[PDB]
């Protein structure tokens, strides 16, 4: 999994290691080669689980896997095993994945149904299909040879059920190409026949699939050998001539088409292909129409590293080459047939006379151009352009043209132009493009509305639009157009009655009834699509025409009749076309609409006469039901099914509301009994009566044509279906109908390359119907057995029955039709069950004995099943084992197979078990293993043999050749059937399993683990046997009392705890809680395992993972568990945070144990675990991993169970408040980072119960006075007070002002209870003592200082919280926490600030972590949002900060406060910048002056520029001057980034300083003066001179420093120092700048600098040139 996170030249070592470990794993005899099976199969899951496209994808793993199919390195000193095991893993993966799909009415299959049930499964499958495409297209020499048949069989089996899953075709193409690479299919024949059948089926199937699916189907189809599969080459031509037409955009499709055509032309003889060249060639003519960054740097070593599909032109070259190679005899066909079908049609004028006279407006000319000239090209561009910009431009232009022609129509006949344009609009409005579809949808709806309007009605344009929509409904393949045309016709019907009033709808073309007549006309058309679209039209107009009456009452019966006839007509064509699905849906909708409007409105008025009805003056429901009854038996499967179902739905719909049985009796009692027999044999005029026999009473017999046999078969099938459906249902008696044509058909089972297949299918669909008819007849009425005319059938019905169960291939069934074979065992077993009860069991069992005997199985099984031959020997064994399994499923195996027994069990089962066991003993083929598994399943199904099974498993026999153990390879090879048999016969298997465990520890443990894993997998299906197995294991523990002791070495206790973990994950929901019954034993095992110093703690890390299953006990068990846990944690822990240095596993083992403990704590809610964890955590100054603890406290604080969170909080609070001798650092930490974390991060609102349980005590401790007689007892009380303040403030801050401001529970606990005390009078009690804190008189206190300061800070935090929770609508801070009385030594901010330690404070935080910054800033923001300078806060703080008398640390603290929330102080930043600037410019800052404080202070000063300035007052003016001088003095820092930053601050300042005074000119001079030809000293000085010169500041030297003669000379002579570019470069730059300024500004100075710099430059122009 971690392979793709590597680097090249490194992704070879890991591959070599993988190959080496695989060789080592398989280096032993097979008892553990199955680990390879597990690992490769799991790695495939891991790869396919990656998201489909450093995030990794399968494209990274392709090289990894391809490196070990067959890439044998072999310098280390297997390929076949890896290849076959990978392919088996692919088969297993594709077997298990769930790829079913879930769903206005479309025709395309993947239109709305394409919504996978499990999208992750779909992503995994597509990942697998894309991965396998790059793994098995090569190295196919012999590895893929044996897998061809099984692989292909599984692929077709899967793909037949889900036909529209692209990827099965991709895998099939891969395997067929692999079979083609080697010699194959010469003249395995079953595989060839199945492949031919599926090729034909997919060829007739792919006519409806869209882009991706069609491409996959074509890539599969054209990959067929076709040197051998050449029969019916016409059936594959449309798959090739479409692979080219659909090409020109998907080049790989063109390549595969060209390869297929080349193979066909060369390999196939030139006698059958020659007539088929005029259909392939004419479609071929369309194909005839980094390093650069370096570049100019030399091809040196630099560019050495930089060197570390199929295009279209090559396709054209190959096309020309193949055209030439074809020869001149068969080259003319490419172009001779062109220009006569569509090419010359497109070269035709759309309209005879040009219209759309566009007069483009110029200034004076206004010429005329004709727009329709552009139409034939603009239309073609819009339909397809292969250029997004061109396509959208053409679409917009065509939209404009459409509007123009619509306008010009009503100022000129134009119907000749609409006929050529409306199909274009319909095709355009439903194309794949998004922006285009946004257009032409409203346009086409608007066109429908306009042409359906009364103003433009009955016109040629409206009928043209309707006709165009109609033939857009029905056409050759276009999946996404039929549904859109259905929507269009639905809108047409909706708006043709909304916009048209009935007075003109009687006599008018293009009305509702005319449209319905047209739909009926298309319904009976003998064309597939012509009636599919007709039915879809009603499918789309059923929502309409149903809310409007007076039409439902008119022609619903004729609609039903015409659609039944259409369904009958649609019997011949293919099912995959989906023409009967739409008709069935339409019939369902119309039946649902007739069952409501006629159940209460059944009349006999005039109604339309449906087709095929007798001439009648009236129609109702009764005659329709009579017609349905008379047409129940027809040789059309779907029509007959629908008619029978509709009749059964309609009989209750009669006004009598009678059940079908009594109505049928009443009809038969007076119409005659003979009226029903011919009804089941009528339908039309053709009959199984009349000719009352099989295909013997006909014109010619002996040899038959395919027609008449099919007619007779279908008629018999219809008669049988009607008989079954009217006999099984309790409507008529079985004796009221008793036909005879079944006589010969018993002998018809004894039987033109493809006619035989169709005849076999048509006879096989009849044999099963016969079997099920007999089954239902026997089941419904046993007393009707006598009328059964000797259905022993001269031992033929028994013969066909026995042939069906064993070898059902000689009676007609052919391999490939997977839909019918999956149903044969069901009907077979149903017939067996029906026959046994009826007095026919004797004949059945006697005839079955003639084919299946014990010796017959014995004489069929041999010792050669291990050999390569399988199609001859294993086939009969598979047939007989499947027959026996099916017979057993019928509840009858002991009679047909006699109970040959010696003492208790069947001899046949024991012999089968012995044969299977001896088979492995002196090949791992899939077929042989499957056959052996089936044999074992049958043998187990024969009876019991559970004790024999476990005895065979436990047998310590040794037999191996280079060394596994016999009796263990049996389970390792067979680990599925054995387990599922052991599960079903439990309560006796477990007893014998653990009867012998002391001497068979390993085998019993392995078998139990396998059984447990199998039961765990089977969860969510049985949900009961897992718990049964678990509780059975618990109720048998004393027998295995030999694994946990002072013996049974290390690798036996790990097995025990693994087994316990396995069982407990399936149990404890119902049992295992102090009352299971065997709880003491398992608890003692757990305690013994988690005890003393057995071995390393890692299994103890696994043992504590089971702790949550043992944390719910009560009554002393918790005492023992806690004592044991404390013992181990005190005997295995260092009692130190970092006793083990990092690195060595000792630290890793400790962190692993900590993580295990923490996981066990967070998954459950264990206060006993919580107290121990917080005791081991909150006792060091800083733990190594103090983030996992916080995360787990977060997790346990949000697990619900409000009664449990309060329990944990109560436990930890009771522990903290416990009075025990301690250093009190732990006492503080127990609330600093453990309890406060729970209280803050998450807690359910019912946490007030904890608050209600502490107010009665917390206030009491605070009220208690300190006893400072000893610091040993003083710090404990101090820390208790801090804890109480902290908890109180967290409750107050978190809880809103609804529970403490109203008396619900807390006020009841406080004071008395139900007093007045609405929301206060107790907060004041605590607020008074809190304000007493943090305001006490230190005076000369010396006992504790830091603890007192922390206590005062905690009290301040509590005060902030209680003020936040209090009303806080009026200023209460005058007497609270602000504006104290200094005259009484009530100093507030001068005690909680250390003001004794100096912070060293680099330039590149400490004060921001003063445990008061965040609360104070939050208070400031809250009270700013709770509303000149305010006197309570904004004036007290300013006065405290503006006086330098107060110590420093408080001043920097206040500065940090004001800069942290400078947003609040921005509006009033006029009295705040003066103290801020005074502090910034003060020399008293830390060290050489803290650059950090000054830089943020300054940034804040110019943060709010424009509202206040540092000038205007002498004091801040001189202070700012001092600040500027200090800044430009200390601007040098040897770090470039901070140097540029300082320069930027100076620039911004002087930008804001451009109102008052000064620049340290003397300091600048001293900075950039001084002779130094090897140092960059002047670089900084000239730089600050540049900043001075930047905006407008002149080199002002009338009176400053030194005279200008020296200043400018020092400025210029720096250029002579040539060692670094920047110094003299920027010196020249600033010299140019000052020259420009002195030239622009009229001053008599420029000549001097001009001559000076000229001399300086002339001093260079001869020695060095570049400078």
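Count begins at 1; order follows the chain as displayed.
Heads up, header says this was done by electron microscopy, 3.6 Å.
Note: Cβ is positioned from N, Cα and C throughout, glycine not excepted.
Over in Swiss-Prot, the protein carries these features:
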| type | residues | note |
| --- | --- | --- |
| MOD_RES | 301 | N6-acetyllysine |
| MOD_RES | 357 | phosphoserine |
| REPEAT | 460-496 | repeat 'HEAT 2' |
| MOD_RES | 521 | phosphoserine |
| MOD_RES | 665 | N6-acetyllysine |
| REGION | 924-959 | region 'Interaction with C1D' |
| REGION | 924-959 | region 'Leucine-zipper' |
| REPEAT | 1134-1167 | repeat 'TPR 1' |
| MOD_RES | 1381 | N6-acetyllysine |
| MOD_RES | 1567 | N6-acetyllysine |
Listed in sequence order, the residues of the same chain lying six or more positions from residue 1567 (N6-acetyllysine) whose CB sits under 8 Å from its CB are 1577, 1578, 1580, 1581, 1584
Short question: which residues 6 or more past the ends of the repeat 'TPR 1' (1134-1167) have a Cβ under 8 Å from it? 1096-1098, 1100-1102, 1104-1105, 1107-1108, 1111, 1173, 1180-1185, 1188-1189, 1192, 1195-1196, 1199, 1201, 1204-1205, 1207-1208, 1211-1212
What's the CA-CA gap between residue 521 (phosphoserine) and residue 357 (phosphoserine) in angstrom, rounded? 41
What are the DSSP helix, strand and coil residue counts for the repeat 'HEAT 2' (460-496)? 32 helix, 0 strand, 5 coil
Could you tell me what the rest of the chain brings near the repeat 'HEAT 2' (460-496), counting residues at least six beyond its ends with Cβ under 8 Å? 104-108, 111, 207-208, 210, 409, 413-415, 418-419, 422-423, 426-427, 429-432, 444-445, 447-449, 451-452, 509-512, 515, 518, 522, 527, 529-530, 532-534, 536-537, 539-541, 543-545
Just to confirm: which same-chain residues, 6+ apart in sequence, have a Cβ under 8 Å from the Cβ of residue 665 (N6-acetyllysine)? 732
Round to the nearest Å and give the CA-to-CA distance linking residue 301 (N6-acetyllysine) with residue 357 (phosphoserine). 70
Say we define neighbours as other CB atoms within 10 Å of the CB. Which of the modified residues 301, 1381 has the fewest? 301
So what sits near residue 357 (phosphoserine) in its own chain, CB-to-CB under 8 Å and at least six residues off in sequence? 368, 370, 371, 408
Per DSSP, what is the helix/strand/coil residue tally across the repeat 'TPR 1' (1134-1167)? 20 helix, 0 strand, 14 coil
Summed over the region 'Interaction with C1D' (924-959), the DSSP helix, strand and coil counts are 25 helix, 0 strand, 11 coil
For residue 521 (phosphoserine), list the number of other Cβ atoms lying within 10 Å of its Cβ atom. 12
Can you check what DSSP calls residue 521 (phosphoserine), collapsed to helix, strand or coil? helix
Which of the three DSSP states, helix, strand or coil, fits residue 357 (phosphoserine)? strand
